[PDB]
Amino acid sequence: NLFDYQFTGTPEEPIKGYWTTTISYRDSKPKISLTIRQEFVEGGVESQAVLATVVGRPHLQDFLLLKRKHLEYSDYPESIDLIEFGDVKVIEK
């Protein structure tokens, strides 16, 4: 495949109540990655997204593409599907 993947923690073994997954464009430097942090709340899972990227990129489209890969890789895609671009923290290196 064409993406790099990592995770730290899981829903069954969260790290201080959180777990995170990161998916990135292979060989990106400065790195293009989307990190999704999840935690249990009453009735479901709450997701927060950070797009680490670079000045000039089409952040919306990068976000949408990495979001689709997160949907296939996460354990609670319904919670990630709710994230809209306006909610994403964008860090341009």
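Residues numbered from 1 in each chain as written, not as in the entry; some residues may be left out. Heavy atoms only, no water.

- In the PDB header, X-ray crystallography is given as the technique by which the entry was determined, and 1.776 Å as its resolution.

### Structural notes on the side chain of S24
Part 1 of the argument: Its place among the elements puts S24 in strand β2 (residues 19–25).
Part 2 of the argument: Apart from residues no more than four positions distant in its own chain, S24 is found in contact with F3, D4, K31, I32, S33 and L66. (Helix = DSSP H or I, 4+ residues; strand = E, 2+ residues; numbered from the N terminus. Contact = heavy atoms within 4.5 Å.)

### Let's talk about the nonpolar core
Part 1 of the argument: Counting 14 residues, the largest nonpolar core has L34, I36, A49, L66, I83 and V88 as its most contacted members.
Part 2 of the argument: Broken down by secondary-structure element, the contributors of at least two residues to this core are β2, β3 (33–41), β4 (44–53) and α1 (59–73).
Part 3 of the argument: The contacts of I83, once residues within four sequence positions are left out, are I36, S47, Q48, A49, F63, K67 and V88. (Core = buried A, V, L, I, M, F, W, Y, C linked by side-chain atoms within 4.5 Å. Buried < 20%, exposed > 50% of the residue type's maximum accessible area, 1.4 Å probe, protein only.)

### Comments concerning the sheet that holds strand β5 (residues 89–92)
Part 1 of the argument: Strand order in the open sheet formed by five strands is β1-β2-β3-β4-β5, and the pairing between neighbours is mixed. Edge positions in the open sheet fall to β1 (3–8) and β5, since each of these has one partner strand only. The sheet shows a mean angle of 15 degrees between the axes of neighbouring strands, taken without regard to direction.
Part 2 of the argument: Across six bridges, the pairing between β1 and β2 is antiparallel. Bridge assignment links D4 to a residue of β2, and that residue is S24.
Part 3 of the argument: Contacting β1, β2, β3, β4 and β5, α1 crosses the sheet at an angle of about 125 degrees to β2. (Pairing = 2+ DSSP bridges. Axes fitted to C-alpha atoms, helices over the stretch in contact; angles between N-to-C directions.)

### Digging into the environment of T21
Part 1 of the argument: Here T21 is to be found in strand β2.
Part 2 of the argument: Between the alpha carbons of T21 and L34 there is a distance of 8.3 Å; along the sequence they are 13 residues apart.
Part 3 of the argument: Apart from the residues lying within four places of it in its own chain, the contact partners of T21 are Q6, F7, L34, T35, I36, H70 and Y73.
Part 4 of the argument: For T21, the side chain forms a polar contact with the side chain of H70, separated by 3.2 Å. (Polar contact = N/O pair within 3.5 Å; in protein donor to acceptor, adjacent residues only side chain to side chain.)

### What about the environment of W19?
Part 1 of the argument: One can find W19 in strand β2.
Part 2 of the argument: With a relative accessible area of 3%, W19 lands in the buried category.
Part 3 of the argument: Between the alpha carbons of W19 and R37 there is a distance of 5.7 Å; along the sequence they are 18 residues apart.
Part 4 of the argument: Those residues in contact with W19 that lie beyond four places of it in its chain are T8, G9, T10, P11, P14, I36, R37, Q38, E39, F40, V45 and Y76.

### Quick look at the packing of aromatic side chains
Aromatic ring pairs are described here by two measures, namely the spacing of the ring centres and the angle between the planes.
Part 1 of the argument: Scanning all chains against the criterion turns up six aromatic pairs.
Part 2 of the argument: Relative to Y73, the ring of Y5 lies with its centre 4.9 Å away and its plane at 45 degrees, an arrangement referred to as tilted. Within this pair, whereas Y5 is found in strand β1, its partner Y73 is found in helix α1, the two being separated by 68 residues in sequence.
Part 3 of the argument: Since its relative accessible area comes to 29%, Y73 is described here as partly exposed.
Part 4 of the argument: Lying over the aromatic face of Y18, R37 brings its terminal NZ or CZ to 4.2 Å of the ring centre. (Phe/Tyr/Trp six-rings, centres within 6.5 Å; stacked < 30°, edge-to-face > 60°. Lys NZ or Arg CZ within 6 Å of the ring centre and 35° of its normal.)

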